[PDB]
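One structure below.
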Amino acid sequence: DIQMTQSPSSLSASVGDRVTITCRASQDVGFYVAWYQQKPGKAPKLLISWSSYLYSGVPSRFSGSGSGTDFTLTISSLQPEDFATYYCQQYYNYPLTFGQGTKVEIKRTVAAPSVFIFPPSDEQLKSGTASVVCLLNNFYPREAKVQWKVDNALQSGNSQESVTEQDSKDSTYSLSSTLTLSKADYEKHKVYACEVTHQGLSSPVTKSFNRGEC
Amino acid sequence: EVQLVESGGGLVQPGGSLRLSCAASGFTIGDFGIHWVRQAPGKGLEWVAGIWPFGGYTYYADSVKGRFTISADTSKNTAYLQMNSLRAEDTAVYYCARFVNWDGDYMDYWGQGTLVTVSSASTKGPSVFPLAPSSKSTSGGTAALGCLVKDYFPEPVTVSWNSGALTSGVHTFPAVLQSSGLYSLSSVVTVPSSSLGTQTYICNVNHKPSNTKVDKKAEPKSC
Amino acid sequence: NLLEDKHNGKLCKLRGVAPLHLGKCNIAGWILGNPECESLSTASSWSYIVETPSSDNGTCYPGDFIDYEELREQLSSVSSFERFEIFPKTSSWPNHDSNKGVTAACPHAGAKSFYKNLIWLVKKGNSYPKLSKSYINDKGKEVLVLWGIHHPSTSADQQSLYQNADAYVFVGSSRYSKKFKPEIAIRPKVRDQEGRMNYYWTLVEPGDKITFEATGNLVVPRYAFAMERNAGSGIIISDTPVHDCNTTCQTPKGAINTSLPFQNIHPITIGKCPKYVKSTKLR
């Protein structure tokens, strides 16, 4: 049976630009190819039927081509909404095969984070646990480095980040880094700093807080 | 309005069994046919099952032969994927999609997806705490406040802020797994000082796989 | 006796394989299954085809055959060729109407009728929902497949027949790809028909899939043809009869029992035929 190799596996390109996504079938299919855009989470949507023919949505810049063994989906004037992931399907025979996808990333003008740092409060210190969260909000590019420091002792191998999906409106990421120590370890230090080494900060920007209600 | 609303997925014990329906508002069923395509996160889409009702025929992918079976009630507009002997590879987002040429077509409409999760066991809720803001007001100690939805199993949680009243600025993050094997995500929403203690904020944290319903409140400092 | 200016005045065979004789029909009539050719659907294999110069029963409904001369050539020299029901009337158009469509243009004896090998899909009640049937060449030879696009004259005509003005047809294979838009427009009657209908045709590789998709205006295939090409022949336009005889050259005027170098008879010829010029005597 058949398999649908894509190229590249993901792509960076600024607004206005010609994105091109090629797809190599393993058997000579013919025009029995479709293209799907799927905005992460939600259910995929059909772009091109029959190799070239724009499906009746509002997809004017998206346009198919190709034949035989290799098919190409172009995007002539890219948008903040084309951030999604793109697959070629076949229906020449079964099992019906898709590619792995191509993740087209939008480039845009660099913006710095609104950095924050957050203590626990209520039931979290009631658990023999403690989790401090180091928030970034609407920065670009993705490549950041939030780094925890307790007093001035540098951390390692216990926090965990989560980078949200890029925005279809302005193309920025909000990040959060959740640092988890036991409450046997929490109160034994007084200062928790979280620093942010970032491409759009001419020098690093740390926010800290000293465990202090009393 | 064309519709493929899919229902009845969740957590289950390995070597197990769950039926998963794909129902249809708007249109009929028999003259069309339905395909089950699933998506184990990060791979990309994979076709598993297909049915042509008017024809009466069904065909299956190599990888789910003999376990899953597609039925369809003409009386109820609905089609059903019976999933036997489930595995960790079958833990996925399953999509039914509308289809016409039994010789091989494309997908006019998909539903929205159902989440199926199958490994070990757990039927646990989430604890919800606040992520306390600091300093003063916007540009020089801004008010960014939130709820940490730590320790539960499995996905998802519908973390809707005040019935989704201010769904602008929000970032309900991608969950992550700790040593325990329990999903944890943070929630955040940005706002200046004219909506600080001046505003009320609940997070309607909605983990449904064991319907825990925490309306925890992240307010100003308590002293 | 070592030259030739004579013809037998007949149309003999070639490799002891007789011509396909179309009678009053032309090629298009014959392949589309014109009703006035029903007597020649059972034609089993042949050397060369014979139209007549007044073979007027062809495309009884008006409009263009696309690549007619290409299809003419394709059919001229042919060994063993066989008609089959590609998309059965029984099972292939379940939710479109499969008999409402006949016309005054294509009549078999004072009765509205239509082509044998094609079938004119009309709407079933209130809707022409998308069809999308496909055929797999499970025959191990060039399957010839023909179909039609219909082009009504009024916008009302469209609703009446196919319901949807947003109508298209698509045909697709590993060698063919076309979308058809119905060009709906008022026209001078031809055979009491303001509408028109264009006939197209394609060959399908063995193993290959061919698929029809349509929201309207499709004249779907019913009967297609598994054929094996031959070569070194064409179509000859004569009035002289066929006979039960052997030859190794043929011309519209007649046959040539030839061992010899040239001829004065007719320039278009078939098989082991001398060149045309003028050749009568050698003392």
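Chains as they are written, first to last, in the authors' numbering: chain Q, 1 to 214; chain P, 1 to 223; chain A, 31 to 313.
All residues carry an ideal CB built from backbone N, CA and C; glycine is no exception.
Given that residue i touches chain A, what residues does it touch there, using C-beta distances under 9 Å?
i	result
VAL170 of chain P	None at all; the shortest Cβ gap to chain A is about 40 Å.
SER51 of chain Q	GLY202, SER207
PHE54 of chain P	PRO124, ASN125
Using a cut-off of 8 Å between C-beta atoms, extract the partners of residue i located in chain Q.
i	result
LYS43 of chain P	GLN100
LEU185 of chain P	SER162
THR142 of chain P	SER114, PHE116
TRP47 of chain P	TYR94, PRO95, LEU96, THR97, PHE98
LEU11 of chain P	Going along chain Q, no residue has its Cβ under 8 Å from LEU11 of chain P, so there is no contact; the nearest lies around 19 Å.
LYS136 of chain P	Correct list: empty, because the minimum Cβ distance to chain Q is about 13 Å.
Residue i and residue j look like a contact to me (Cβ under 8 Å); what is the Cβ gap, rounded to whole Å?
i	j	result
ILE34 of chain P	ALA97 of chain P	7 Å
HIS37 of chain A	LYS283 of chain A	5 Å
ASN125 of chain A	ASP31 of chain P	5 Å
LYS154 of chain A	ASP127 of chain A	5 Å
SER186 of chain P	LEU148 of chain P	5 Å
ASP94 of chain A	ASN276 of chain A	Contact flag wrong, Cβ pair sits at about 40 Å.
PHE83 of chain Q	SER51 of chain Q	With a Cβ gap of about 24 Å, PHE83 of chain Q and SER51 of chain Q do not count as contacting.
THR91 of chain P	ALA23 of chain P	About 23 Å separates the two Cβ atoms, so there is no contact after all.
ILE48 of chain Q	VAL29 of chain Q	About 14 Å separates the two Cβ atoms, so there is no contact after all.
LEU145 of chain P	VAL214 of chain P	The pair is not a contact, with the Cβ atoms about 16 Å apart (cut-off 8 Å).
residue 301 of chain Q	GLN166 of chain Q	Nothing in the structure corresponds to residue 301 of chain Q, since chain Q is present only between 1 and 214.
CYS55 of chain A	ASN31 of chain A	Not quite, the Cβ-Cβ distance comes to about 41 Å (not below 8 Å), so this is no contact.
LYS146 of chain A	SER71 of chain A	7 Å
Since residue i is in the beta strand (DSSP E), which residue starts that stretch and which ends it?
i	result
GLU219 of chain P	Segment: none, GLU219 of chain P is in no beta strand (DSSP E) and carries neither H nor E.
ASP187 of chain A	From DSSP, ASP187 of chain A is part of no beta strand (DSSP E) but of the alpha helix (DSSP H) over 185–192.
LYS183 of chain Q	Counting along the chain, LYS183 of chain Q falls outside any beta strand (DSSP E), though it belongs to the alpha helix (DSSP H) covering 183–186.
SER127 of chain P	127–131
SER184 of chain P	183–190
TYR94 of chain P	92–99
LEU174 of chain A	173–181
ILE166 of chain A	161–166
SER14 of chain Q	10–14
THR20 of chain Q	19–25
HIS138 of chain A	No beta strand (DSSP E) contains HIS138 of chain A, which DSSP labels as neither H nor E.
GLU112 of chain A	112–115
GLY146 of chain P	144–152
Given that residue i touches chain P, what residues does it touch there, using C-beta distances under 7 Å?
i	result
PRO119 of chain Q	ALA132
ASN125 of chain A	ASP31
If the cut is a Cβ gap below 7 Å, which residues of chain A does residue i touch?
i	result
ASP28 of chain Q	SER204
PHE31 of chain Q	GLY202, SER207
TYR92 of chain Q	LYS239
Residue range of the alpha helix (DSSP H) that residue i falls in?
i	result
residue 251 of chain Q	With chain Q running from 1 to 214 in the structure shown, residue 251 of chain Q is simply not present.
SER179 of chain P	From DSSP, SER179 of chain P is part of no alpha helix (DSSP H); its letter is neither H nor E.
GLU100 of chain A	98–106
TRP231 of chain A	Run containing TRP231 of chain A: none in the alpha helix (DSSP H); it sits in the beta strand (DSSP E), 226–234.
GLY59 of chain A	57–62
Which chain Q residues are close to residue i, counting only those with a beta carbon under 7 Å from its beta carbon?
i	result
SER127 of chain P	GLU123
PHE173 of chain P	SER162, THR164, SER176
Give the interface partners of residue i over in chain Q, defined as CB-CB distance under 9 Å, in chain order.
i	result
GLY113 of chain P	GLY41, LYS42, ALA43
Is there at least one non-hydrogen atom of the ligand PLP closer than 7 Å to the beta-carbon of residue i?
i	result
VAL37 of chain P	Ligands are entirely absent from the displayed structure, and the ligand PLP is therefore not among its contents.
List, in chain order, every chain P residue whose beta-carbon is nearer than 8 Å to that of residue i.
i	result
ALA34 of chain Q	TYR106, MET107
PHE83 of chain Q	Chain P residues near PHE83 of chain Q: none, gap ~15 Å exceeds 8 Å.
Taking Cβ-Cβ distances shorter than 9 Å, what residues in chain P pair up with residue i?
i	result
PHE62 of chain Q	Those within 9 Å of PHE62 of chain Q in chain P number zero; the least Cβ separation is about 15 Å.
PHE71 of chain Q	Within chain P, no residue comes near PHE71 of chain Q; the closest Cβ sits about 13 Å away, beyond 9 Å.
At which residue ranges does the stretch 39–74 of chain Q contain complete beta strand (DSSP E) runs of 3 or more residues, listed in the order of the chain? 45–49, 62–67
Note down, one range per segment and in chain order, each alpha helix (DSSP H) of at least 4 residues found wholly within the stretch 12–72 of chain P. none
Check distances from the C-beta atoms of the stretch 145–169 of chain A to those of chain P and list, in chain order, the residues that come in under 9 Å. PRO159, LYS160, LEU161, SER162, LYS163, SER164, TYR165, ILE166
Just by C-beta distance, which residues in the stretch 97–111 of chain P are closer than 9 Å to chain A? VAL100, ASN101, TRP102, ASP103, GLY104, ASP105, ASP108
Minimum length 3: unbroken beta strand (DSSP E) runs contained in the stretch 92–147 of chain Q: 102–107, 130–139
Contacting positions in the stretch 119–143 of chain Q - beta carbon closer than 7 Å to chain P: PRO119, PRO120, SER121, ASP122, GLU123, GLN124, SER131, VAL133, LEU135, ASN137
Going residue by residue through the stretch 249–311 of chain A, where are the continuous beta strand (DSSP E) segments of at least 3 residues, counting only ones entirely within it? 253–256, 265–267
Ranges of the alpha helix (DSSP H) found wholly within the stretch 64–99 of chain A, counting only runs of at least 4: none
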